[PDB]
*Asks:* 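Quick one: this structure, given as structure tokens, is what I'll be asking you about.
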Amino acid sequence: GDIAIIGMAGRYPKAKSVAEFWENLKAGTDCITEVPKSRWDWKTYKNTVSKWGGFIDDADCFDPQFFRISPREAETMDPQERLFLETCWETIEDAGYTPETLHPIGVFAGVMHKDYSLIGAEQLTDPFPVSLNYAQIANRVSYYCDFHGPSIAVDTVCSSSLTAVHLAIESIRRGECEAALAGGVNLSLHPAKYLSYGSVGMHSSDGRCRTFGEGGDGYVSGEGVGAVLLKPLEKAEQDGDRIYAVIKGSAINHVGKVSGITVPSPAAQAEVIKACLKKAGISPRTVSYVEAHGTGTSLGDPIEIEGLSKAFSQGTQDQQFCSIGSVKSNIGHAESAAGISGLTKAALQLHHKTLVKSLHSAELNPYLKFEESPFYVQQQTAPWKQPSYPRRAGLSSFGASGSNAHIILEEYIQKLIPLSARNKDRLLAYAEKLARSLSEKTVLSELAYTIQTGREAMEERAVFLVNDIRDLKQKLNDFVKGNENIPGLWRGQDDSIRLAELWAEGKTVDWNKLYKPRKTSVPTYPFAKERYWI
Amino acid sequence: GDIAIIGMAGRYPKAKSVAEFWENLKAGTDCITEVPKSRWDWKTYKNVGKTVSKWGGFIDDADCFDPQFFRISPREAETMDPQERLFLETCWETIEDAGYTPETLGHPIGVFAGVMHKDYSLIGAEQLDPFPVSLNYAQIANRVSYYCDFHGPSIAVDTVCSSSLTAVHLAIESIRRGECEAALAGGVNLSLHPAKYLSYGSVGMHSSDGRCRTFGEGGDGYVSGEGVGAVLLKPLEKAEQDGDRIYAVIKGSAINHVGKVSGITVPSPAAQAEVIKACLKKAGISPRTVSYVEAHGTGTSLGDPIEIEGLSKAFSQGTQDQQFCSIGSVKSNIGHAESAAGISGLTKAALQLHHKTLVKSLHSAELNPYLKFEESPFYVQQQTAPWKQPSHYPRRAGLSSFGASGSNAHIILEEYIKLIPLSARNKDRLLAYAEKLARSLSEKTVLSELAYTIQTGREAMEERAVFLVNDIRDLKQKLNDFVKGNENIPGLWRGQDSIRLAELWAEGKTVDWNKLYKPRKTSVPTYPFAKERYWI
């Protein structure tokens, strides 16, 4: 029943990749900025409407030619769709798979806004296709990758990307798919959301999510796109996959009748948490980190603690044994991508055995009584100490109109470099991106296995024959700086040299015949960053 | 693993209820009209190589709601997407049609809504002093869970045209694994803003005559339709043991995606055949035993032949017999209800099973000449007629819904083989209730079933009128006297041993009517929601 997380990718505020996301989390970086001019001018509305957001870079950019999509079609495609496509491609690559090697594969996308529909409608020049639905966000992935499993967009507002994961997990567990991509996307492209949520008081007056901190009076909207590739644990183990973390349980529910549709319910939150702990078969005493929903609201924050404390109580009376935090303190409330950002953070912490700082709570919310609870707020990045049993994390996401989700994760306890891209420019970018990732911790055999068997063999090719990582780094740099005659590099459009020669010429090599090293994260395809808009 | 359909409700073009829907289906009524002026003026776009469509299937009173019933303010009702308003009333109806209240039905009851458009967001954004624009789907499902106090999964899903079948599929799976004990599933679609028409017109999706000519000659696109609907689903064994009224049984559902096809909006016969085979295998039945299929059936020149090719391929493993299975589509009647297309099709298929009647499929008197029905399992249903006993085995129907961007669904369904305490929120609604109830009475109604259902399957609301009645004729006379404004009537107690029970109830006590007993549940008219207009 357990599900392995075998691949992850995404883009978040100040993070072009999960790797940059992780560095920013460890550093405690506040990633919120003012609304960029290229989206709208916040000064237009200063008479207050929030001027802050977590924004991703290059939200309007895409590489349609990679996918054989025309420029015209790219312009009409919702950026959310464009970015989720790239992200899913990257997630599969992070896992060390190609669509071929990975067809009952599901795609489950959380999404709650369609800003590009508003933008398209304003522009309705002669008629053109406005992006009016969600489904293509998921369906485009299934289409391009030739996947036949369920392909669904779901909206539960703030919990949407956990709902998406829950549905992917259940689909895998009943055998409807063998693996699935699950995640979410959220882009802030048009000011209507800021005006509208401002009119209801949802946005904080300082532009921060002060997770369990003093003075919190709302949230700050954030952008994000992210996915995880999920597979049954046992299969992932047999296939020699790299497993970031194991999902032991997920549960969803609704608040039912409470005083107002947007009032969160401690009882219903405790309910979903207990249901998930029971599905996972674990005691709450064994959970040593929780990734809270954590939006920084004066009503919300105390309720979230009350719901967690009630759930944990049927099960222990020990106090302050579990750390808590939220990624919202770093990047804001990514809305439909809130669950996927939180799950990505949780899985990284587990994989890296590191708990990161939760921001904006140096002064705690004075009403929360953490001393009388299971929890303390993580105030510095530090090693995650061996619990004493495995490191286990809970993860919560609570939709504004009542749909709740909780997931429990557990830590997982266990040459020829053929690079290719669509063209020469993308290949040089690939080589530079690969070179920069290399350090004394890179494992050559795993790097090579993953590039050989977990990347598509594309049009423009550069194969390197290398002794070790230092030799690889030197060759990539020589290639990048345009050096002409590089020994041990073959270029084009079981003897190593011959294999190389043949691959550079365009032949298919069955690299598997040579063997398995374990799969390992390698930088993913360097999509061109070209702008497309209506 | 079989799932009972125990309650259904909905509104569709020319149909204020499922019962009007059924009558229109039997009659072969073409429900398509020109765009009503109250939505937009189609003449605005008549000169914008296909012209912007001036046709749709439109429901009446799309902009109406009874917010006071739900204790929603007028201001909140204006800001609420009409899709959310109507789905709320429709789920209320569905539960009432099943003979339940939220209390007697329920915690773990799921709500799963298919949705693919948010025209009210466009309308809201045009009008943007700040106010809340309806920018998400989730409240469509979540408001139902909220109001009814349900704690199960509450999800909106979008797989475009297949959305409501995807919704049903998810509800079934949820019930089968024990996450919900019952679930509402359905969909909603409203055509409130012209962007979709301009947009879908630009790509040629809309037909030039404003019809879905399901398997008929000359079909060149579809006509957009409005609809809202839901079904209440429950495990068959539990529905039997609770004495529910079962319209039909769902034996299997399956969903998939087309994967890589020549263009994202091109349908795939292989993938359609695979979803149909997967569903038949889940249901455990041979395709030779399917005697009706509710086709996706949009009337497009590419779509229609592909659908027949997919169905033929799936049925062929199973059999070589020809023309043993009738086929048709509700889209020929009401248009392509988009996110609500699956729920309208499922509702038609369940009705046909329950009533043992196959209805006419429109606009195919001339068949699409490329189809070759003679070499296939199928013939198009051209008249409404009795559904003949298949031979002995049950009447079984397949039901298909194929999303424009590739998400497919198929479902297989099988046939399933005194004191009147009326109440409403206020006096005006109670008079309307009595009039609606009176009109539904005929020599076919059975008093003991009617009384059981009003007693145990309706909430005891604020304004009350209890009648003590000897038979249906006595009931009808009393309701008519009440409606014409008589305040005092023998055997009527009003307020805010039969006689004492009545007295007590009229005074405001709650009475446990079950103690008196079970008659089978039946459909009785549902709450007469006020039709008041709310807009931004």
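Chain letters run A, B, ... following the sequence lines, proteins first and then strands; every chain starts at 1.
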*Asks:* Roughly how far apart are B/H257 NE2 and A/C177 SG, rounded to 0.5 Å?
*Replies:* 13.0 Å

*Asks:* Can you check whether A/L118 reaches B/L122 side chain to side chain, under 4.5 Å on heavy atoms?
*Replies:* yes

*Asks:* Heavy-atom cut-off 4.5 Å, strictly under: side chain, backbone, both or neither for B/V48 against chain A?
*Replies:* side chain

*Asks:* Mind listing the closest non-hydrogen atom pair of A/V157 and B/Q139 along with its distance?
*Replies:* CG1-NE2, 4.0 Å

*Asks:* Name the member of B/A195, B/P132, B/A254, B/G110 that forms the most heavy-atom pairs with chain A at distances under 4.5 Å.
*Replies:* B/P132

*Asks:* Looking only at non-hydrogen atoms, find the nearest pair between B/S154 and A/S403 and report the distance.
*Replies:* O-OG, 2.7 Å

*Asks:* May I ask you to name which of A/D126, A/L132, A/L124 has the most heavy-atom pairs under 4.5 Å with chain B?
*Replies:* A/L132

*Asks:* Considering only heavy atoms, which portion of B/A271 lies under 4.5 Å from any heavy atom of chain A: side chain, backbone, both, or neither?
*Replies:* neither

*Asks:* If only atom types and distance count, is the side chain of B/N256 paired as donor or acceptor with the main-chain N or O of A/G149 below 3.5 Å?
*Replies:* no

*Asks:* Between atom CD1 of A/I152 and atom CG of B/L170, what is the distance when rounded to the nearest 0.5 Å?
*Replies:* 5.0 Å

*Asks:* Under 3.5 Å, is there a donor-acceptor pair between the B/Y146 and A/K257 side chains?
*Replies:* yes

*Asks:* In terms of side-chain heavy atoms, does B/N142 have a donor or acceptor partner in A/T156 at a distance below 3.5 Å?
*Replies:* no

*Asks:* Output the distance between atom CG (A/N404) and atom NE2 (B/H151), rounded to the nearest 0.5 Å.
*Replies:* 9.5 Å

*Asks:* Which answer fits B/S145, side chain, backbone, both or neither, if we ask what part of it has an atom under 4.5 Å from a heavy atom of chain A?
*Replies:* both

*Asks:* Quick one: side-chain contact (heavy atoms from CB on, under 4.5 Å) partners of B/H169, sequence neighbours excluded?
*Replies:* A/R174, A/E176, B/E173, B/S253, B/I255, B/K282

*Asks:* Determine whether a donor-acceptor pair (N or O, by modelled atom type, separation under 3.5 Å) exists between the side chain of B/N136 and the backbone of A/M112.
*Replies:* yes

*Asks:* Quick one: which of B/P194, B/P130, B/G403, B/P108 has the most heavy-atom pairs under 4.5 Å with chain A, could you say?
*Replies:* B/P130

*Asks:* If you tally heavy-atom pairs under 4.5 Å against chain B, which of A/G402, A/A121, A/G120, A/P150 wins?
*Replies:* A/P150

*Asks:* Heavy-atom distances under 4.5 Å only: say whether B/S262 touches chain A with side chain, backbone, both or neither.
*Replies:* backbone

*Asks:* Above 12 or not: heavy atoms from other molecules or residues under 6.0 Å from NZ of A/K278?
*Replies:* no

*Asks:* Working to the nearest 0.5 angstrom, can you tell me the gap between A/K114 NZ and B/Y137 OH?
*Replies:* 7.5 Å

*Asks:* Heavy-atom distance under 4.5 Å to chain B: side chain of A/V258, backbone, both or neither?
*Replies:* both

*Asks:* Considering heavy atoms only, which positions within residues 198-206 of chain B lie below 4.5 Å of chain A?
*Replies:* B/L198, B/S199, B/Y200, B/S202

